[PDB]
Every structure is written in structure tokens, then in C-alpha cells.
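Protein chains in written order, with PDB author numbering: chain A, -2 to 359; chain A', -2 to 359. A prime marks a further copy of an entry chain.
Even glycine gets a Cβ: it sits at the ideal position worked out from N, Cα and C.
2 protein chains.
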Amino acid sequence: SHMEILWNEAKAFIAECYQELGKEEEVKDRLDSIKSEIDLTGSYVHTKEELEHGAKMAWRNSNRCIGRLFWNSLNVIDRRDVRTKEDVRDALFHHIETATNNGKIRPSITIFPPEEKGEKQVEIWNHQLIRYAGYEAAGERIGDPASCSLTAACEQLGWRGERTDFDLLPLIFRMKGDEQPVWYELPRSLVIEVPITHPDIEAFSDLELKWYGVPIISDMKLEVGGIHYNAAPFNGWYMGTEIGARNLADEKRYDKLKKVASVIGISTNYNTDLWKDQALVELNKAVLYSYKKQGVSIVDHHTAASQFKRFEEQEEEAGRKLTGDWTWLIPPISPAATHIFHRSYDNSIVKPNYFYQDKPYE
Amino acid sequence: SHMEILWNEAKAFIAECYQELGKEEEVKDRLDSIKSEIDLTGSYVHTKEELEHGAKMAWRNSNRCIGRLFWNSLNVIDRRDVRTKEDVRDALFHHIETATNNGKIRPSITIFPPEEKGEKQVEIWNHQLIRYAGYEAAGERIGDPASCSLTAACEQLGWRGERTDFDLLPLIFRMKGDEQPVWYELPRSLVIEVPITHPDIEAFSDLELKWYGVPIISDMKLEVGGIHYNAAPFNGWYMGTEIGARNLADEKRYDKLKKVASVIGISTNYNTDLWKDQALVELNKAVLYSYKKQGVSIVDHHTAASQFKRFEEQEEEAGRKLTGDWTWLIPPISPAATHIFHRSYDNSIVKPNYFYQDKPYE
Ligand code: HEM
Ligand code: HEM
Ligand SMILES: C[C@H](O)[C@H](O)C1=Nc2c(nc(N)[nH]c2=O)NC1
Ligand SMILES: C[C@H](O)[C@H](O)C1=Nc2c(nc(N)[nH]c2=O)NC1
Ligand SMILES: N=C(NO)NCCC[C@H](N)C(=O)O
Ligand SMILES: N=C(NO)NCCC[C@H](N)C(=O)O
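Here is the structure:
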């Protein structure tokens, strides 16, 4: 039944892809080759043009992403030639270096070899290539609680952290033919970090906060024409609220709102004073100012929504339908001040797209 | 087919209602009487206990309401005896007076006669009993844009406003047997209004803002045991954000954020400064402070979410399932700071409940 499903999805992808590219003539021929290949091996190999355009279409169909206006400018890195653990490590080191680009971040994706008979060639365990560790001793919390389970798995393999609130996790992945994964500590020269300060309030630095510069999701599956690429890291640039309103504010994460209120000089006695709302405004203002000072790319939520509006218009103009998830598109601060809040979206799934997959650990 | 549907809904309501009331014995008898009544007239008459408990259950099932913790304390006013236009006017005047209660607002509902053969006995045109008019001359906007259509209909009947930003609309309703509705100007002694000032910034009064004290939704249909009460006004008390983050902030309503930014001393040049988020915080703080000073009931969003949490727990403890609409339950300011944001809800419809109905005007 797997051979049937593969053929269906290949028929729809080739036609739609070559149509957008203006190569409708070649559709008839290529399909005959893919068909013969499927009967011969049980799968097919995408051309460079096909995989490159496929990863772009997948971003365009991501219902939960507010940055879809820049979909056609994605930088695609083809690494389907990797065979060893050293090959993977160097490619991952290269992704961080080129995407960072000394601060002027470049949206990118690295393509590793896909699954064969459902079996993987390379399996990445990290959620993001750069992330902080999390420990929960009987005493209290240290680090990022969302990293608990992955942190425990790394220490079960010989790794050991320093136990500060910001320990960098190591790269951890498994090669086909091995029962357990291998790990490599990240070189400090490759990772940019940004200390958090405030434009007018000098005491803000007493909190000693900081965050990393580039978010690189590395545990999702990219599906193109029936072919499953379980390993394919991708990155864009941060939207301010992700850090100041969630990562540092959530009670289940760093939980910093009370401390913020203290350094800015306001009381935390009464809810009618709305101290939580005021603390959120100063913290978020601090995140945008600090990233800009050091020259690292970032975007505020009002500018972001404005760009997404232009995206909706372009899609209508091109003749394509729009899909999206309202519950993820609205910003976590001042949502009613953007256009997104005042309209509705169709949350249907269209392929090619990016998908969630089960975690090896846990 | 209408006689069939009525019987079904009556069977489920009586059993469920008498069960909660601990009168399961009387279920067998009452059902036999209702059945005979339906064959005789084509409808049935609720007892005082049945209608009172029915309006309470309906509030408990309202997916979009965050104030459901106080459902069992609702004040029910039975006015199914009205026959003339003067009878309706006095009852509506009485609802505003008793619900206001000199500031200590009392959640209430007034029950008018229900529909017969789909035909209404009394039809209310107002959206809320107390609301401001809206005009849109070629010059610009004056008043509340959301009141445009209803305002035009009132002037088509002989009414005339003064054209300020806060003209009070008149009560307007139609009696069975008349082709057009009648109107009555509201007595100023019955309507409480609150001027908006700021606790620390004295220049805030230069904006000359104000809003009314009690929101009374009067155009929804209450359905209990197959019986349709198209006319049944109800009220609770305001949640701060409804006024400061929507009524006075939306670009399609009063659109005041830029003016607010001016009186507090901040610039509106750059989105990275987050001036819209800061203006929203001071305006909302002003609304809570002003209502309290004058002694009128109001609640902030953090306290409100906290109360709703206790509601979820009580429902679980009583053995009933929970239903709700996430998109309406989350507050329009700092949503990620409340528990509601971090969970999911089942948006199924359970009866008895309140429903939308077509507008006579427009
Ligand atoms: C160029 C700048 C980019 C910005 C400004 C941006 C911003 C966002 C934001 C705000 C979210 C929500 C994250 C959260 O709440 O945790 C998101 C989700 C997502 N974005 Fe982007 N993104 C960018 C680039 C990309 C790229 C390059 C891709 C893919 C090639 C992409 C695919 C998606 C997908 C699938 C999600 C959902 C993730 C999940 O379900 O956990 N985005 N993006
Ligand atoms: C006692 C205090 C009350 C508070 C604090 C409260 C608060 C709220 C809020 C914030 C909304 C959203 C309004 C909007 O976004 O426009 C709402 C909606 C609603 N509430 Fe309440 N409410 C109260 C009492 C009541 C009462 C007394 C009833 C019914 C007997 C009720 C029935 C509902 C319903 C059906 C909606 C949806 C209205 C719509 O769809 O337009 N609430 N309530
Ligand atoms: C996770 C669950 O679906 C829940 O709706 C939310 N979390 C998030 C959210 N929105 C964003 N962007 N990110 C989240 O983590 N909204 C909803
Ligand atoms: C009206 C439409 O359903 C849209 O989701 C919204 N308006 C509102 C909303 N939330 C509230 N409480 N009130 C609204 O007017 N969220 C959604
Ligand atoms: N802005 C982007 N992608 O470019 N974001 C991805 C998800 C990141 C996650 N919200 C974090 O704070 O780490
Ligand atoms: N808080 C309550 N009901 O008690 N609200 C009802 C809806 C009111 C509407 N949001 C307004 O601002 O007028």
C-alpha cells in the first residue's frame, strides 16, 4: 500500500511544481521515469530544481507561520551526499555559520538523505541546534524547564553540564547501523549571544539576562512528493515576543515578571494596578533595543503583521487559496491592535509541508 | 414537524432540571401534563421554578462567557403578564433601576412573553438597553460606528440626536399587531456615566472620555425546553478590557491610541518603541481607577481568569462536562499571562442556551 500512496503524491507534486515553474511540457516525460524507478527500487530521487522548489512551497503552506512573505528567498543547502558522522557534524557546523552571517541572518535549510523503507539514514535528537539545558533537582529549578527530558538523555551518554541558567546543549544525533547516538560540544566561536539591557533604565542589567541569536528548528519532517525527509534543519529570524513574552515570561519557563517589576520601580500588590502588563511592555522593549545595538536581525510584532498582510494580498493575486491557524498567528501581546485578530482563516492542511514526529528520548 | 421537535426538547429538559433540583419523582406526572397541553394548544407554559432555573442553566452553558462562576446567583424577573406598550416601557425602566442598584450592580434578567406559532409578542430592536449613537456624514465620523444602521432607523421614525460623540439612543420596540415600532427617550436620572481620569497623570482629562456603567444585551434569544423567548434582556458587570482595549481602541470604533500617546508624553514615530502597547496599558489602568472612584462595579482580567479557574474545578466536581470557545475566552491584553491561554476547550453547543437572531433593521 506504500507503493500506491507514493505514486499518487508524486503525480500531484510534479504537475503543480512544473506548472509554477513554467515547464508543463516536461511533465509527461518525467512522470514516466519516476514510475519506472518506483517499480525498480521502491522510491525515486528528486532533481536539484525539484527539491529546492519543494522546500519553498512547504514554507508557503505552513499555517502557523507569520513570516511567510519571504518564502521565495529561501537559501537551500543540498547535503544528500553525507555518509559518516564526521560528514554530518561539519554540515551542521556550516549551517550555523552561514545562516548567522555575522548578524545579518539568512533564512536557510540543509537537506540530508531521506527515509528508505520507513527507516532513517540520519536521526537528529535536538529540538533546535542552539538551546539551553534544564535541570530540576529537589532543591529547585536551574535552566530551561522545557529542556528537562533531552538534558537527562545527554547526561546518560557521558555529557556533563556546569549547571548555570544558560548551559549550551551539545549536538546529538544517530547514524543508521548504530544503537545509540553520538555527541559533540558546540564551538563558542560559532554561537552569537545577546545580553539584555534597557534604553533608559540602567538598573535593568542587574537581572543578568541573555538569549541566543538564531533559532534553528531541527526535529520536524519535510514531506515532498511522497518522499519523507525526517532530517532537514531550517531557520528564519526571531520575532521579539517569542523571547520577551514567552521564553522569559511563562511561569513554566524562566518566570521573570516579578523580578522585572522590582527593577523598574513598581509595586506587585494589586492586580488592579496591572503590573504584569507593564512589566511585559518594558521587557519586550528591552529585547528589541539590545538585539539592534549588537547588530543582530529581529522584528517587532506590528511590523510582522503588516508584512503578513501583504502576503495575503499576493496569494489572492496569484490565484492561490489561503490557509492558516488563527490561534498561533495572533501575537501574545496586544493582539487586537493587528489586523489578524479581526478576521478568520481556514486551518486545512495542504502538501508539501512540515510535520511533527515522535521524540526518540522520553 | 414543529410539534415533534418541541416534545423531544421538553422530555430532556424536565428530567435534567428536576434531577438537579432533586424532584425526580415529579418527572413522570408533569411530562404527562405537558404532553396533553401540546396536543391542545400547540405549546406549554413553564412554572416559576422551571423558567428561573432554566435561565440559570443557559448562562452556565454559554461558551463565550468568562464570568460563569456566579451562575447560581442570577436575579430572575418574571414579566410574562405584559400586554401594552406602556407595560413594556415600565418593565424596561425597572430593569435598569434595579440592576444598577446605585452602583453595586446585580446580575439580572427580565422574562417577557415567548413566541407562539413562530410569531413574536414583543420585538426589541436595541442591541443593548444603554448605547451611544453613530453618524457618518461625508465629512467624517461622529459617535460609535457600530451603531450606524440602528441610528439611521431611529431617525426614520421621528427621533433626532444632537450629534455629539456620546448621544444616548432611545428604547425602540414593536408590539404584535403593529407594522412599525415605537420609541421612548431615556430619563437621565436612571443612567449612570463615568468620566475617565488617570491616577497619576493629570493631563489625561483633556481627552474628555467617558463610558456608561451597565452593559445590558437585549437582542438575543433564550431557548428553554423547546420554548423560544426572543425577548429577554440580561446583564452582568463590565470586565475592564471591553472598554479600554476594544470600545475605545479599535480603529473601527473610537480609535484613540494616538491621542492617548500624546497626553502621556511618548513619541509615535517608531514601531520598535512599542508605543501602541504602552498606550493600551495606561488607558486600561485609567478605566479601572475611574470606575472604582465613583463606586461602580468592575473587574480586571487577571482576577476574572482566576475566578473562571474555580468554575472549571466546580464543574468537574459536580460531574458535568466543560464547554467553551478559546478565541473569545482569552483577554485582548496579555493573554499568555492567564491560564486560559495554556489549555484547550470543547466548543460544542449544549441547551438551554442564548442565541443570535436576525436584525429587523438593515
Ligand atoms: C524569516 C523569518 C521567519 C519568521 C519571522 C518566522 C516566525 C514564526 C513564528 C512567530 C512562529 C511561531 C513560533 C512559536 O510560537 O513557537 C513560526 C512558526 C513556524 N514557522 Fe516560521 N518564521 C520564519 C521563518 C520560517 C522558515 C524559514 C520556515 C520554514 C522553511 C518557517 C516555518 C514555520 C513553521 C512550520 C512553524 C510552526 C512550528 C511549530 O509548529 O512548532 N518559518 N514562525
Ligand atoms: C456577572 C458578570 C459577567 C461578566 C464579568 C461577563 C463577561 C463577559 C465577557 C467578557 C464576554 C465577552 C464580550 C465581548 O467580547 O464582546 C461575555 C459574553 C457573554 N456572556 Fe457574560 N458576563 C457576565 C454576565 C453574564 C450574564 C448575566 C449572562 C447571561 C445570563 C452572560 C452570558 C454571556 C454570553 C451568551 C456571552 C456571548 C455574547 C455574544 O456572543 O455576543 N454573561 N461575558
Ligand atoms: C500549544 C496549544 O496548541 C496552544 O494553543 C498554544 N501555544 C502557543 C500558541 N501560540 C504560539 N505562537 N505559540 C505557542 O506556544 N497558542 C496556543
Ligand atoms: C468576531 C470573530 O468571531 C472574531 O473571532 C472576534 N471578535 C471578538 C473576539 N473576542 C471577543 N471577546 N470579542 C470579540 O469581539 N475574538 C474574535
Ligand atoms: N522566529 C522564528 N523562526 O524564525 N522562530 C521559531 C520558534 C522559536 C521559539 N519560539 C523560541 O522562542 O525559541
Ligand atoms: N461584562 C459584560 N457583560 O456583563 N459584558 C457584555 C458585552 C459588552 C461589550 N463588550 C461592550 O463593551 O459594551
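Three-state secondary structure (DSSP) of residue i
i	result
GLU137(A')	coil
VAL296(A)	strand
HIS225(A')	strand
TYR15(A')	helix
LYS207(A')	strand
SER33(A)	helix
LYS218(A')	strand
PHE109(A')	coil
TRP180(A')	strand
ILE93(A)	helix
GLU190(A')	strand
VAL257(A)	helix
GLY155(A)	coil
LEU28(A)	helix
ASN98(A)	helix
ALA9(A)	helix
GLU248(A')	coil
residue 364(A)	Outside the displayed span of chain A (-2 to 359) sits residue 364(A), for which this structure offers no information.
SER331(A)	coil
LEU3(A)	helix
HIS195(A')	coil
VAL85(A)	helix
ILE63(A)	coil
residue 374(A)	Chain A is shown only over -2 to 359; residue 374(A) falls outside these bounds and no answer can be derived.
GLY316(A)	coil
Assigned exposure category for residue i - 16 Cβ within 10 Å defines buried
i	result
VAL257(A')	buried
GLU1(A')	exposed
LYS282(A')	buried
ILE346(A')	exposed
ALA7(A)	buried
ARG76(A)	buried
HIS336(A')	exposed
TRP68(A')	buried
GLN16(A)	exposed
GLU314(A)	exposed
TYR132(A)	buried
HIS339(A)	exposed
Limits of the unbroken alpha helix (DSSP H) element including residue i
i	result
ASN281(A')	272 to 290
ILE263(A)	It is not in any alpha helix (DSSP H) - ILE263(A) carries neither H nor E in the DSSP assignment.
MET54(A)	45 to 57
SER146(A)	145 to 152
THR324(A)	323 to 326
One or two residues paired with residue i in a DSSP bridge
i	result
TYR129(A)	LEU165(A)
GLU120(A)	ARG171(A)
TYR235(A)	Paired residues: none, contrary to the question.
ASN350(A)	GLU220(A)
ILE213(A)	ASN232(A)
Residue i beta carbon near ligand 7 (any heavy atom closer than 7 Å)
i	result
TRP234(A)	The model on display carries ligand 1, ligand 2, ligand 3, ligand 4, ligand 5 and ligand 6 but not ligand 7.
Residue range of the unbroken beta strand (DSSP E) whose run includes residue i
i	result
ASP75(A)	72 to 75
Between the stretch 221 to 229 of chain A and the stretch 102 to 111 of chain A, do at least 3 Cβ pairs fall closer than 8 Å? yes
The stretch 234 to 253 of chain A' in contact with the stretch 296 to 310 of chain A' per 3-pair CB rule at 8 Å: yes
Any 3 or more C-beta pairs closer than 8 Å across the stretch 52 to 67 of chain A and the stretch 335 to 351 of chain A: yes
Can at least three beta-carbon pairs, one atom from the stretch 59 to 70 of chain A and one from the stretch 316 to 326 of chain A, be found at a separation below 8 Å? yes
So, do the stretch 201 to 214 of chain A and the stretch 120 to 129 of chain A have three or more beta carbon pairs nearer to each other than 8 Å? yes
Evaluate contact between the stretch 195 to 203 of chain A and the stretch 259 to 276 of chain A, counting only Cβ atoms and requiring at least three cross-stretch pairs below 8 Å. yes
Evaluate the contact criterion for the stretch 239 to 254 of chain A' versus the stretch 136 to 144 of chain A': three or more CB pairs, one atom per stretch, below 8 Å. yes
Does the stretch 6 to 25 of chain A' come into contact with the stretch 82 to 89 of chain A', if we say contact requires no fewer than three beta-carbon pairs (one atom in each stretch) closer than 8 Å? no
Take every Cβ of the stretch 168 to 182 of chain A', pair it with every Cβ of the stretch 114 to 122 of chain A', and state whether three or more of those distances are shorter than 8 Å. Yes, the stretch 168 to 182 of chain A' touches the stretch 114 to 122 of chain A'.
Are at least three pairs of beta-carbons, each pair with one atom in the stretch 269 to 277 of chain A and one in the stretch 272 to 281 of chain A', less than 8 Å apart? yes
Assess, as a yes-or-no matter, whether the stretch 298 to 314 of chain A is touched by the stretch 20 to 32 of chain A under the definition of 3 or more beta carbon pairs within less than 8 Å. no
Are the stretch 180 to 190 of chain A and the stretch 87 to 106 of chain A touching by the rule of at least three beta carbon pairs closer than 8 Å? Touching, yes.
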